[PDB]
Asks: 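Just dropping this structure here.
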Amino acid sequence: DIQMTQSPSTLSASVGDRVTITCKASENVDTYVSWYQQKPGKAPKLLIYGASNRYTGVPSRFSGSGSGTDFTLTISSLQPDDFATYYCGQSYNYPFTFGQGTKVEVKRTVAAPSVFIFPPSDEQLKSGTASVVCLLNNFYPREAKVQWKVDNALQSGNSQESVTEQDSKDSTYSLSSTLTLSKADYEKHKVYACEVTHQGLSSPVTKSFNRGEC
Amino acid sequence: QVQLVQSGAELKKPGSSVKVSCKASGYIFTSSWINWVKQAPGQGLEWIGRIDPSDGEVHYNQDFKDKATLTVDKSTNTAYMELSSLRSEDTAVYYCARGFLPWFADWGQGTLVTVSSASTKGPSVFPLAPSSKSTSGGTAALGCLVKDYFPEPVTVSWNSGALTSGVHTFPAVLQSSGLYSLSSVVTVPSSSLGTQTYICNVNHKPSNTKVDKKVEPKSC
């Protein structure tokens, strides 16, 4: 019933920053709002209950305020252990509900990806399927776009991609994209191209190969 | 101190049912409610319901009224949640959480329930061979494509763990076939390509499939 709307969805910040995340309830919830921190593979952990009370063990850099429909969580000085997703939640009326989360990630200078393209192996082609792979290595920020082109035709709906978690050493992301075609379709075309768009690149980078070798 | 210990991951076919457990330690079990929460992959938290271990009084999120059944055995300090008529959309981590005051301090570690009609299958491992010429300098990329396996997970190492710097192993994608595909790559000095061997070590424990794939130049 009561919707919790968090903003921003993603927050980029540096160690030492003051960080503020906002949560808005669709109905009055008094001060029955809690904040939770979650890291990948782990259960949520309680930071703040009752809108403003610090749970036991929680460092003093965490605080919250608000009443009625508007709430904030503040981290006064961001520490390396604080990059995580944060959720607000109301416990004013059942069903208890939660915000969609705010991911706090590490800000750093923009970095363009190194791009690499990999043709399908001969071993795979024997099985009737071709996987062409495009790697975008060590870029920042996370937003990136891959466009597959086959003999200049933009491909859509026949690719899948995934992205690594932010790197703990250099704070970059990497992305792998796979275009999957039948062997019959693969052998009908010559030029396979991965075109990468990123805010670090002044213009798109394309890596390509021609089926057959060189 | 307080521990909530949940049962292990479940792999279930659609139409089936599953019963997940949550054993409580370190406090008086009948003095707090147990709440259940769903977190679908890549998504947020959804409250399912709660039960009072003292007497079994249960309340449900009405969205789960024909899906979830909460019970308790106070004699063994354990709460259970049964999900019926499983479908794809029931795939999630489910948490239990102790509830006294209007907040959730103590959470179980979560139980992953995956719902799929797929059957166990070990991966094919194909090379992502370092290119003949290209880049913007003296670093090359290579890798392995770990294709068509079920279920998760798969592990990948390089050179038996000797090679970690430059390694990126990506989240698997779920294909329309019901099977997963994953890539692992590494960037290395292009001058190393002729002299240093690179082997990806893949282990898919559910099918008992291990492969060592040596990857080297040979595209054109």
Side-chain angles (χ1 to χ4, degrees), chain A residues 6 32 34 36 38 41-46 48-50 53 55-56 85 87 89-92 94-101 114-124 127 129 131 133 135 137-138 160-165 167 169 174-178 180 205 207 209-210 212-214, chain B residues 4 35 37 39 43-50 59-64 93 95 97 99 101-110 124 126-132 134-137 139-143 145 147-148 166 168-175 181-185 187 218-220:
Chain A
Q6 276 177 253
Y32 294 97
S34 302
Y36 307 85
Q38 192 176 211
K42 291 164 47 43
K45 166 185 177 166
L46 180 69
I48 307 284
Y49 69 89
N53 304 288
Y55 182 61
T56 157
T85 293
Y87 291 100
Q90 68 83 20
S91 53
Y92 175 75
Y94 292 99
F96 290 5
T97 51
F98 300 79
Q100 288 285 270
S114 296
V115 184
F116 309 86
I117 195 179
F118 299 97
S121 65
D122 285 358
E123 180 200 355
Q124 177 179 27
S127 65
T129 293
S131 296
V133 173
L135 167 68
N137 199 67
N138 300 13
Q160 290 184 287
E161 70 181 25
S162 73
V163 182
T164 51
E165 294 298 274
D167 185 89
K169 98 242 164 35
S174 292
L175 178 157
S176 174
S177 177
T178 301
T180 302
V205 165
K207 302 298 177 211
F209 69 84
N210 310 313
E213 270 156 353
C214 264
Chain B
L4 295 187
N35 297 252
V37 174
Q39 180 161 45
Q43 324 207 209
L45 306 170
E46 194 177 5
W47 182 84
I48 292 172
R50 60 185 192 133
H59 302 318
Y60 293 99
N61 181 341
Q62 287 304 287
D63 284 349
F64 286 88
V93 177
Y95 298 96
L101 300 170
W103 34 275
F104 292 145
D106 301 310
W107 290 67
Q109 86 283 8
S124 293
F126 301 121
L128 299 173
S131 138
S132 302
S134 34
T135 345
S136 280
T139 72
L142 57 108
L145 179 57
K147 202 183 164 261
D148 288 346
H168 291 292
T169 288
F170 292 84
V173 286
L174 180 58
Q175 305 164 110
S181 186
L182 165 155
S183 77
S184 187
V185 307
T187 47
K218 174 49 204 346
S219 310
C220 79

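By convention in this document, chain letters (A, B, ...) are assigned in the order of the sequence lines, proteins followed by strands, and residues within each chain are numbered from 1.
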Asks: So do the side chains of A/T164 and B/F170 get within less than 4.5 Å of each other, counting heavy atoms only?
Replies: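 Contact flag for A/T164/B/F170 side chains = yes.
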
Asks: What part of B/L101 gets closer than 4.5 Å to chain A, counting heavy atoms only: side chain, backbone, both or neither?
Replies: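 For B/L101, there is no contact with chain A at all, as no heavy atom is under 4.5 Å.
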
Asks: Measuring from atom OG of A/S127 to atom CG of B/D148, what distance do you get when rounded to the nearest 0.5 angstrom?
Replies: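 CG of B/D148 is found 8.0 Å from OG of A/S127.
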
Asks: Based on non-hydrogen pairs under 4.5 Å, which of B/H59, B/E46, B/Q175, B/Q62 is most in contact with chain A?
Replies: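 That would be B/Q175.
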
Asks: Under 4.5 Å heavy-atom distance to chain B, tell me which part of A/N210 shows up: side chain, backbone, both or neither.
Replies: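 The answer is neither part of A/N210.
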
Asks: Is it the case that atom CD in B/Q109 sees more than 12 heavy atoms from other parts of the structure closer than 6.0 Å?
Replies: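 Buried by this count: over 12 neighbours within 6.0 Å.
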
Asks: Within this structure, what is the CZ-OG distance for the pair A/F116 and B/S134, rounded to the nearest 0.5 Å?
Replies: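 Spacing of CZ (A/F116) from OG (B/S134) equals 7.5 Å.
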
Asks: Tell me the closest heavy-atom pair linking B/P102 and A/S34, and the distance in Å.
Replies: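 Of all heavy-atom pairs spanning B/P102 and A/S34, the closest is O-OG, 3.9 Å.
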
Asks: Which one, A/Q100, A/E161, A/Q124, leads in non-hydrogen pairs under 4.5 Å with chain B?
Replies: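 Heavy-atom pairs under 4.5 Å are most numerous for A/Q124.
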
Asks: Within a strict 4.5 Å, meaning less than it, do heavy atoms of the A/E123 and B/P127 side chains meet?
Replies: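 A side-chain contact exists here, since the closest heavy-atom pair is under 4.5 Å.
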
Asks: Nearest 0.5 Å, please: how far is OG in B/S131 from NZ in A/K207?
Replies: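 Going from NZ on A/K207 over to OG on B/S131, the span is 9.5 Å.
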
Asks: In terms of heavy-atom proximity below 4.5 Å to chain B, should A/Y92 be classed as side chain, backbone, both, or neither?
Replies: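 No part of A/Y92 comes within 4.5 Å of chain B.
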
Asks: Contact part of A/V115 toward chain B, heavy-atom cut-off under 4.5 Å: side chain, backbone, both or neither?
Replies: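 No part of A/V115 comes within 4.5 Å of chain B.
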
Asks: Who among A/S176, A/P120, A/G212 has the most heavy-atom pairs with chain B under 4.5 Å?
Replies: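 The option with the most such pairs is A/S176.
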
Asks: Which bit of A/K42 is near chain B, if near means a heavy-atom gap under 4.5 Å: side chain, backbone, both or neither?
Replies: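 For A/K42, backbone heavy atoms alone lie under 4.5 Å from chain B.
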
Asks: Where do A/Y87 and B/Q43 come nearest, in terms of heavy atoms and distance?
Replies: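 Taking every non-hydrogen atom into account, OH-O, 3.5 Å.
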
Asks: For residues B/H168 and A/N138, is any side-chain donor paired with an opposing acceptor at under 3.5 Å?
Replies: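 Present: a donor and an acceptor within the cut-off.
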
Asks: Considering only heavy atoms, which portion of A/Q38 lies under 4.5 Å from any heavy atom of chain B: side chain, backbone, both, or neither?
Replies: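 A/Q38 touches chain B through side-chain heavy atoms alone.
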
Asks: A/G101, A/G89, A/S114, A/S121: which one forms the most heavy-atom pairs within less than 4.5 Å of chain B?
Replies: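 Option with the top pair count is A/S121.
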
Asks: Relative to chain B, which of A/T85, A/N137, A/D122, A/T97 shows the most heavy atom pairs under 4.5 Å?
Replies: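 So the answer, after comparing A/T85, A/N137, A/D122, A/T97, is A/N137.
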
Asks: Ignoring hydrogens, what is the shortest heavy-atom contact between B/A105 and A/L46? Give both atom names and the distance.
Replies: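 Between these two residues, the closest heavy atoms are CA-CD2, 3.9 Å.
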
Asks: Less than 4.5 Å to any heavy atom of chain A: does that hold for the side chain of B/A129, its backbone, both, or neither?
Replies: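 Backbone only.
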
Asks: Under 4.5 Å heavy-atom distance to chain A, tell me which part of B/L45 shows up: side chain, backbone, both or neither.
Replies: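 Both parts, heavy atoms under 4.5 Å.
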
Asks: Answer with side chain, backbone, both or neither: which region of B/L142 has an atom nearer than 4.5 Å to a non-hydrogen atom of chain A?
Replies: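 Contact with chain A involves the backbone of B/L142 alone.
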
Asks: Taking the side chain as every heavy atom from C-beta outward, state whether B/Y95 and A/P44 have any pair of such atoms under 4.5 Å apart.
Replies: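 SC-SC contact between B/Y95 and A/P44 confirmed.
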
Asks: Would you mind reporting whether B/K147 and A/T129 have side-chain heavy atoms less than 4.5 Å apart?
Replies: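 SC-SC contact between A/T129 and B/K147 confirmed.
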
Asks: Would you mind reporting whether B/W103 and A/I48 have side-chain heavy atoms less than 4.5 Å apart?
Replies: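 Sidechains of B/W103 and A/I48: no contact.
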
Asks: Do the ring planes of A/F96 and B/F104 sit parallel (below 30°), tilted (30 to 60°) or perpendicular (above 60°)?
Replies: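 Answer is tilted, since the angle falls between 30° and 60°.
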
Asks: Mind listing the closest non-hydrogen atom pair of B/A141 and A/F118 along with its distance?
Replies: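 Taking every non-hydrogen atom into account, O-CE2, 3.6 Å.
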
Asks: How about A/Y32: does its OH atom have over 12 heavy atoms from other parts shown lying under 6.0 Å from it?
Replies: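 Counting neighbours around OH of A/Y32, 12 or fewer heavy atoms of other residues, nucleotides or ligands fall under 6.0 Å, so no.
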
Asks: What part of B/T187 gets closer than 4.5 Å to chain A, counting heavy atoms only: side chain, backbone, both or neither?
Replies: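 B/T187 touches chain A through side-chain heavy atoms alone.
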
Asks: Could you look at B/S219 and say if it's the side chain, the backbone, both or neither that has a heavy atom under 4.5 Å from chain A?
Replies: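 For B/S219, the contact with chain A is made by backbone and side chain together.
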
Asks: Hey, could you give me the CG/CG distance between B/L128 and A/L135, rounded to the nearest 0.5 Å?
Replies: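 Between B/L128 CG and A/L135 CG, I get 9.0 Å after rounding to 0.5 Å.
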
